[PDB]
Amino acid sequence: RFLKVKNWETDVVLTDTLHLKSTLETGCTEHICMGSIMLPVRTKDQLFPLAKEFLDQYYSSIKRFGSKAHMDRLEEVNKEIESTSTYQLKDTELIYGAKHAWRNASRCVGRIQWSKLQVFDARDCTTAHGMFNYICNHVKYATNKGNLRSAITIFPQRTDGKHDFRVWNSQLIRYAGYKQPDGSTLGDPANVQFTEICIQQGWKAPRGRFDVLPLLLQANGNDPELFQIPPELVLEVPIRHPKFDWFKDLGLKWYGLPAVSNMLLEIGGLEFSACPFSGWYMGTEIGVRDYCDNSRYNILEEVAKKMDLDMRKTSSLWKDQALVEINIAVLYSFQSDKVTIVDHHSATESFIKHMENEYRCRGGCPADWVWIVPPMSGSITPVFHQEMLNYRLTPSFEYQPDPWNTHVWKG
Amino acid sequence: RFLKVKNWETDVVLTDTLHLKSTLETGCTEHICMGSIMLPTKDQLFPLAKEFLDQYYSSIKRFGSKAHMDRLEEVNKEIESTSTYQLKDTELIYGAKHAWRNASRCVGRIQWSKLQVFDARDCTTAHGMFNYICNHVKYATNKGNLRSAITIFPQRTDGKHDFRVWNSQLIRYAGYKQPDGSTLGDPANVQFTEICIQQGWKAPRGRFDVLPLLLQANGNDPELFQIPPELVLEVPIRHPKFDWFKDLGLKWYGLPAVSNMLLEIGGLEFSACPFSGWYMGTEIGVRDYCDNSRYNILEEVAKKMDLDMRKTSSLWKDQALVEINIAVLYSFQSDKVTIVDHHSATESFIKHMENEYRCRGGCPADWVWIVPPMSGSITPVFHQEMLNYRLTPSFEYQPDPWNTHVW
Ligand code: HEM
Ligand code: HEM
Ligand SMILES: Cc1cc(N)nc(CCc2cncc(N3CCN(C)CC3)c2)c1
Ligand SMILES: Cc1cc(N)nc(CCc2cncc(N3CCN(C)CC3)c2)c1
Ligand SMILES: C[C@H](O)[C@H](O)[C@H]1CNc2nc(N)[nH]c(=O)c2N1
Ligand SMILES: C[C@H](O)[C@H](O)[C@H]1CNc2nc(N)[nH]c(=O)c2N1
Ligand SMILES: [Zn+2]
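Protein sequences appear in the order of chains B and A.
Residue numbers for the first sequence, in the authors' numbering: 299 to 338, 348 to 718.
Residue numbers for the second sequence, in the authors' numbering: 299 to 338, 350 to 716.
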C-alpha cells in the first residue's frame, strides 16, 4: 500500500510506505479524527513478539539480519523472557532504541538531529540519591556552558509496575508557581500543583517569580525524595530586547535547558518510565507559549502597554505585534549569551529537509501537523503547507500517568 | 464511545454525543491519522432522504407526526417513480443552513442560522445563472455591509446535466505567465485564466483583473460572462502608520464567495451552489498576500520597513506579516466593508462550540483549518481540543469540471 503527501506550496509529492510498519493506535477511526486531541505489567505472551520485532529492526539496521549473531540474540532473549519474565537490552540496543524513539517522535520538529544523541545508561541506579547524581551529570553535560548537546539518561526499566523509577517533575528545570489567597498567581501558573507537592514534601519555597523547582525523585517504587539541582548547574538567560531598553525591566529570564522528564520510553516491549531527555529550545516555546499563554506568565498586556499600542480593539493586532517583539527578544537574548537556540523559521525549514530525506531513505516520516506547526506565524513557515501522515512506530516515547495520581505511599 | 474534549487554557471539558450520527468517512484509520491532508440509485437514495426528513421533522418538533409520515411516504413514491425527488422550499433552506452548520473547517459558523437562501432551481441556461449570480453578489455585498448568502442551482440528475460554476470562487484575480519567466497577477489562477482565454476571454493582463464567470448549465458547454464591474466591491490597501504602503498598489475584493463545492442534502446533490459570507483578515493578509506561491509580498514590505533581512532570527518576516495584516483590517474598516480579525472570529467560534455542545451535543471541527495561519496560540481555538467528523447535509469538494467535461 502507498500513501501520498503533497506540499501545497511546492507541489512536491512524497510516497509513504513506512506506515505499513505502524503498530499502536492513533485514536482515530473512519468515523472520527482525533488529530487535535492531546492525550490518548506486561505478560511474556505479548513480550516476545515485541522483543523480536525490535531485534529484527536492530539487526537490519546494522546489516546483520538473519546472521548467527542475530539468531543467537533472539534465542538468548527468548530464554531470558521465559526464565525471568523480562530481558535486558545490550548497550548498543539501548542506544539504537533511544535514538529511534526520538526519530519516531511524531510531535518533534527537531528530529533532523536524531542520530546525535548522547545516551547515558543509568540502569545500574538503585536509589533517589543515585538518580540525583545521574541527573546532575546529565544537566551539566547537556548544558555544556551554553553550547547545548542533546542527551537522555535512562533509568532501570519497569518490572512488576510496583518498583517503578519516576522523575516526578514534568521537566528537569521549571519555575515554581504559587497561588495567592487573592487568586493571583506568582511565578509559573502551570506549576502551582507540583509546587504545592514539593512544598508538602519539605521544600522551602523562596516564593519568587522564577524559583527553580527541586527534583522530586522516585527509585524502585519507593516514596520520592527532594533534591535541589546545584544552582551553578542551572543556566539561565536574562531576557532583553535589541531595540527596546525597557524590556530588561520586565524582569524576565528563562532557563536554557529544555528537558522532558515525565515520559515513558518503550523499546522492544520494555518500559523505561524514567528517561529524562533534553535538546535545545526553539524560540517560540518560550516567547509564544511560556510567556504569552493566558495560562502562563501572560505578559502580552504589559509589553503592549510599554509599546503604547492601541489596545482598545483587537483589530489593531496589538497582541500579534507585542508577540513578535517578545520572540525577537528571546532569540536576541539567547544568541547574545551564546546559548544554543533556534528560530521557528530555521527549525521548520530544517524539518522539511529532514522529512524529505526520511521519505527517500526510510519510506516515511510520521509527523503530527498540529504539534509541528509553530504557535505563531504558522503559514509563513513551510511545515504549514506540508501534508503529513501521523502514525506510531516503536521504539517510542509515550505519555504516562502523573506519579502523584498513582503512587502507593509507603510513608 | 462518548467522547470528551478539553480546552487546555480554561480546563473546560465538553462531552460530544453528536459524533454518533456521523455518516461519511474521515480518511483516518486506527493506524493512521490524515488530519493534515487537504483532500479525500433508488436504493442508495431513500435512506438518505429518510435520514434527512427525520432530522427536518425533528427540528420542527413534529417527529412521528402524520405530516412527517405523509412526507416520507410522498418522497418514497416520488423516488420509486422518478428515481429522484424535489425538496420543499422549507427543506432546501433547512438543508443549506445545516450544511453550513456542519462545515467542520468553517470558523464562522456562529452565523449559520442567519443565511439567505436563493432558490435558483428554476434556472435553465447560463445566462440565467449569470443573472442569479449577479443578484447574489449585489445582495451579499450590500454596499459593504455584507450579508451571508447561497444561491442553489438545479440538482444533479443523471450527472450528464450538471450545473457548474467553473470558477472556484465568484470573485478572483487572473494569473498570467510572463516571458520574463515570472508571474503576473495571482499565481494560483494561471491554469483557469488560460481556460478563460482559450474559451475566448479578452484578458487585460493586469495584476488584479477580476476573472469572468465560466458558467455551465444542464451539462452543456460553459459560457463566459463578465460580472458588472460596479457590482464587484474592491478595497485599496493602506496602512494607518506607513504612508508608503499604498504605493505597493495592493487591493482585494470584499466578497468571499466559494463557488466550486457540492452541496448534499437528503441524498440530493447540488453541484452549483455558490455561497458567501465576509472575510477574516488573515485570509487576505496572511494567505493571499504572503504565501510564497500567491502574491508573495513579504520581501517587498520588509525592505520598505528596512528590517534586517540577513537572518531569519530577526523575525523580519513575522514583523512584516503583522503590519500587512494590520493594513488589511484597517483598509476594510475605513471603507466600511465587513471584516473580522482572527481574535474576534476565533472567540466567536469558541462561544459557538459551547452553544453547539450545549444544545446539539457537539460540533464537528477541523483544528488544522480552524486555527488561523498567524498567531495561532494567542487565539483561543489553539488550546481547544476538537473532534472532526462528517455530518450531512454537507458541502463537499468535487472534481474540477475541466477534467470532467465531455466537450
Ligand atoms: C535538539 C533540539 C530539539 C529541538 C529544537 C526540539 C524541538 C521540539 C519542540 C519545539 C517540541 C514541542 C515542545 C512543546 O510544544 O512542548 C518538541 C517536542 C518533542 N520532542 Fe523534540 N526537540 C529537540 C530535541 C529532542 C530530543 C533530544 C528528544 C528525545 C530524545 C525529543 C523528543 C521530543 C518528544 C517526544 C516531543 C513531544 C513531547 C510531548 O508530547 O510533550 N526532542 N521538540
Ligand atoms: C459570514 C462569515 C464567515 C466567516 C468569517 C467564515 C470564515 C471561514 C474561513 C476563515 C474559512 C477557511 C477558508 C480558507 O482558509 O480558505 C472558511 C471555510 C469554509 N466556510 Fe466559512 N465563513 C463565513 C461564512 C460562511 C458561509 C455563509 C458558508 C456556507 C453557506 C461557509 C462555509 C464554509 C465551508 C464549506 C468552508 C470550507 C471551504 C474549503 O474547504 O475550502 N462559511 N470559513
Ligand atoms: C527535548 C526538548 C526540546 C525542545 N526544544 N523542547 C522540549 C520541551 C521542553 C519543555 C520544557 N519545560 C516545559 C515544557 N512544557 C511547557 C508546557 N507544555 C504544556 C508542556 C511542555 C516543555 C523538549
Ligand atoms: C464563505 C466564505 C467566508 C470566508 N471568510 N472565507 C471563505 C473562503 C473564500 C475564498 C475566496 N477566495 C479565494 C479562496 N481560496 C484562496 C486559496 N485557497 C487555496 C482556496 C480558497 C477562498 C469563504
Ligand atoms: C488542543 C491542542 O491539541 C493543543 O493546544 C496543542 C496544539 N499544538 C501544540 N503544539 C505544540 N508544539 N505544543 C503544544 O502543547 C500544543 N498543544
Ligand atoms: C497541508 C495543510 O492541510 C494545508 O496547508 C492547510 C492547513 N490549514 C489550512 N487552514 C485554512 N483555513 N485554509 C487552508 O487553506 C489551510 N491549508
Ligand atoms: Zn485523524
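Backbone N, C-alpha and C fix where the C-beta goes; we use that ideal spot for every residue, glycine too.
Top-ranked residue by Cα proximity to residue 462/B, from 442/B, 454/B, 453/B and 691/B: 442/B
Cross-chain neighbours of residue 548/A in chain B, by beta carbon under 8 Å: The premise fails here: residue 548/A is roughly 12 Å from chain B at the closest Cβ pair, so nothing lies under 8 Å.
Would you call the segment 616 to 627 of chain A and the segment 558 to 566 of chain A in contact, with 3 or more CB pairs under 8 Å? no
For a contact meaning CB atoms closer than 7 Å, what does residue 630/A contact in chain B? 684 and 687
With a cut-off of 8 Å on the beta carbons, I'd call residue 439/A and residue 460/A a contact; round off their distance for me. That belief does not hold up - the Cβ atoms of residue 439/A and residue 460/A are roughly 11 Å apart, past 8 Å.
DSSP three-state assignment for residue 484/B, whether helix, strand or coil: strand
Unbroken beta strand (DSSP E) run spanning residue 337/B, endpoints: Careful: residue 337/B lies outside any beta strand (DSSP E) and carries neither H nor E.
Span of the beta strand (DSSP E) around residue 389/A: Segment 375 to 391 is the alpha helix (DSSP H) holding residue 389/A; no beta strand (DSSP E) there.
Contact between the segment 636 to 643 of chain B and the segment 542 to 556 of chain B is defined here as three or more beta-carbon pairs at a separation below 8 Å; is this criterion met? yes
At the 7 Å Cβ level, is residue 696/B part of the contact set with chain A, yes or no? yes
Chain-ordered chain B contacts of residue 642/A [CB-CB under 8 Å]: 622
For residue 436/A, count neighbouring Cβ atoms within 10 angstroms of its own Cβ and tell me buried if that reaches 16, exposed if not. exposed
Using a threshold of 7 Å, state whether the C-beta atoms of residue 357/A and residue 575/A are closer than that. yes
Mind checking the segment 506 to 520 of chain B against chain A and listing, in chain order, the residues whose C-beta falls within less than 8 Å of any C-beta there? Residues of the segment 506 to 520 of chain B with a C-beta less than 8 Å from any C-beta of chain A: none at all.
Through-space distance from residue 552/A to residue 528/A, alpha-carbon basis: 51 Å
Relative to chain A, which residues along the segment 400 to 411 of chain B have a C-beta separation below 9 Å, given in chain order? none
For ligand 2, is there any heavy atom lying closer than 6 Å to the beta carbon of residue 685/A? No; taking the cut-off as 6 Å, the Cβ of residue 685/A has no heavy atom of ligand 2 nearer than that.
Quick check: the segment 380 to 387 of chain A against the segment 360 to 372 of chain A, are there 3 or more CB pairs under 8 Å? yes
What does the alpha-carbon distance come out to for the pair residue 306/B and residue 694/B? Taking the CA atoms as reference points, residue 306/B sits about 8 Å from residue 694/B.
Close beta carbons around residue 580/B, own chain, < 7 Å, minus the five adjacent residues each side: Excluding five sequence positions before and after residue 580/B, the CB atoms of its chain that fall closer than 7 Å to its own CB belong to 465, 471, 472, 473, 571 and 707, given in chain order.
Under 7 Å between C-beta atoms, does residue 635/B make it to chain A? It does; some Cβ of chain A falls within 7 Å.
Considering only DSSP beta bridges, list what residue 574/A is partnered with. 577/A
Suppose the cutoff is 8 Å on Cβ atoms and the five residues either side in sequence are ignored; what does the same chain contact list for residue 325/A look like? Excluding positions up to five away in sequence, the list reads 332, 335 and 338.
Using a Cβ cut-off of 8 Å, which residues of the segment 591 to 603 of chain A contact any Cβ in chain B, in chain order? 595, 596, 599, 600, 601 and 602
Taking C-beta to C-beta, are residue 568/B and residue 479/B nearer than 7 Å? yes
Within-7 Å CB hit, residue 333/A to chain B: So yes, residue 333/A belongs to the interface.
Which residues of chain A have a Cβ atom closer than 9 Å to the Cβ of residue 677/B, listed in chain order? 333, 334, 676, 677 and 680
Does the Cβ-Cβ distance between residue 677/A and residue 690/A come in under 7 Å? no
Count the other CB atoms, across all protein chains shown, that sit within 10 Å of the CB of residue 311/B; report buried if there are 16 or more and exposed otherwise. exposed
Hey, residue 301/A and residue 314/A: beta-carbon distance below 7 Å or not? yes
Mind listing, in chain order, the continuous beta strand (DSSP E) runs of no fewer than 3 residues lying wholly within the segment 516 to 593 of chain B? 522 to 525, 532 to 534, 543 to 545, 560 to 562, 571 to 574 and 577 to 579
Among all the DSSP beta bridges, which residues are the ones paired with residue 478/A? According to DSSP, which records beta bridges pairwise, residue 478/A is partnered with 567/A.
CB contact below 7 Å: residue 606/B versus chain A: So no, residue 606/B is outside the interface.
Which term fits residue 309/B, buried or exposed, when burial requires 16 or more other beta carbons within 10 angstroms of its beta carbon? exposed
Which residue's Cα is closest to the Cα of residue 538/B: 554/B, 481/B, 490/B and 584/B? 481/B
Starting from residue 652/B, find everything on chain A with Cβ-Cβ shorter than 9 Å and list it in chain order. The contacting residues are 621, 622, 624, 626 and 627.
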